[PDB]
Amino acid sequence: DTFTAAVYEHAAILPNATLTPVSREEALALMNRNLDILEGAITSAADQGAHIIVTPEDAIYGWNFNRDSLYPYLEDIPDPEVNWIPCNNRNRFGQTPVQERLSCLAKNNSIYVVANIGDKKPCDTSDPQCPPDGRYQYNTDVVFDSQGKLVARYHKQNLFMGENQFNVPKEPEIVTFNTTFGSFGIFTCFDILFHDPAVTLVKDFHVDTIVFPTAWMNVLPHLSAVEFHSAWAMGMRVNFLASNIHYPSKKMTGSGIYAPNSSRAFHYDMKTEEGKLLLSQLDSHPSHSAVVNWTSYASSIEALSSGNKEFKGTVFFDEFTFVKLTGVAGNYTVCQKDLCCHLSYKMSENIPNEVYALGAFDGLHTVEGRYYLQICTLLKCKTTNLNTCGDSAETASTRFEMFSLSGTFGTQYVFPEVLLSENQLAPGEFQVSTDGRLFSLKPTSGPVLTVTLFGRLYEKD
C-alpha cells in the first residue's frame, strides 16, 4: 500500500500590524485572503491524486502578535472526540468560520487537510493556571479528514523565543489520527528539537508518518529546514511531510516529503516570492525495524589521526573543536569531552581555495533555546581562514568520491544530515550502517556543504 502525499510552501499575506487589535471582521478578511491561496493548493493537490495535504504554521495570520492583537483571529476549537463535520453543521459550536472553510476544503476536495490556526479556551479566575486575560490561547494544528471531519487538534508544546501571544498546555498532547494509508502523528516547528511529543509519537505510539506545519528560520550548517527535517525523518525511521512558510527575507524556505530511506521531493528557494506545491508517493506502512547503534563502530576503533593541529570554531554560537582536512584523502579523529568523531574521505579532486574541517561538539545550546547537543560534522569552512569554519556557507565546489562519518554518541537520537551546494539534499547517495556510520554509496552528485551526525541528549536539557 502506497499514498500520494502533498505539501505546500506558502508566501503568506501578513497583517498590516499592529498597535491596536483589529476587529473580528478585519482579522477574518486577512485570514480569508490567506485561505483563498491555500484553497488553490488543496484543489490542485486533490486534482493530482493527493490523499493528504499539509499547509504551514502561521499560514493564515502570520507571526507578529501580542496576546491582545492575536485574540480577534482565534476560534474555540472543540475536542475532536465531539465527532464534527463543520461543513455539514456550521453553527454547532457558535462562530467558527475558519474551521468551517477548512472542513469544506477537505470535504469538497475529498482530501485530508492539515492546517495551523489559533485556539481560544475561555477560563475562570477559579483554576489557578488560568491567565489574568480570562483565556488560554494556543498555536493549534487541525486535521480534517476527506469527509470534512475534525480528526485531530494539537496545541504546540515547545514555544519559541518571543511567542508571548500563546500558552503551553500543562501536559504534552500526543496527537495521532489513523487512516487507510497509515497511522499519523503531528507536531509543529520547534517541537522537532524536543522529546515531547515528537519522540514519543514515534517510539511509543509507533506512527508511520509525521505531518509537520513549520515556519522555520534556516541556520546553516546544520539547521536548514530541508536538511534537518529530512535528517530527523531518517534518524526516526518515519515518513515526514514538512510544510513551511516562504519568506526569504527571514530565511524561511524549505518544504519536502521525506521517507525513512531518503528525501522523496524537496523545495528550497531564496530568489522568488512565490509559494510551491510538492507531491510525492510514499509507503503507507514503511519499515521502522532498521535499528542503528550510534556509538558501536566509533567506540571500537582507535584514533585515525595523531597529534594534529586543532582549533576552536563557532557553529551557531556553539564552540566546536575542529581539525582541518589536509590532503585530497585522509582519516581524521577529533574529540571534544565525551564525544569522539571519526572521518574517512576522498574528494573528487582538490579544489583550490576551499577548506574543509572535522568538528566535535558535546554541550548545551543556549542562544534562543536550551537543548543538549552532541555533534560530529564534516563541514565546508566559509573561506580559507580557519576562524570562518562553522559559519553559514551556501556554496562549495568540492565533490566527494567517498566519506564515512561516525562518533561516540551518548544517545540513540542521532539525525544524519547530508547537504549539498546550494542547500540541495542528496537522495539516496548515502546510507547509515547498523554500526552508526553515515557513509556515501556513490560519489556525491554535487559539491558537499556538510555531512553531519546531529545528536540530541534530551535528559541533559
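Numbering starts at 1 and runs along the sequence shown.
Per the records, residue 93 is among the residues left out by at least a third of the other compared entries, whereas the shown structure includes it.
Taking the PDB entry as given, 127-135 carries the higher mean Cα B factor of the two stretches 313-321 and 127-135. According to the PDB record, 269-277 carries the higher mean C-alpha B-factor of the two stretches 176-184 and 269-277. As recorded in the entry, 308 carries the highest CA temperature factor of 158, 255, 218, 308.
As recorded in the entry, 122 carries the highest CA temperature factor of 197, 235, 122, 78.
Per the PDB record, residue ranking by Cα B-factor puts residue 93 in the highest third of the chain. Among the modelled residues of the chain, residue 395 sits in the highest third by CA temperature factor in this PDB entry. Ranked against the other modelled residues of its chain, the C-alpha B-factor of residue 437 as given in the entry falls in the middle third. Per the PDB record, residue ranking by Cα B-factor puts residue 145 in the lowest third of the chain.
For residue 57, the recorded CA B-factor ranks within the lowest third of the chain. Only modelled residues enter the ranking.
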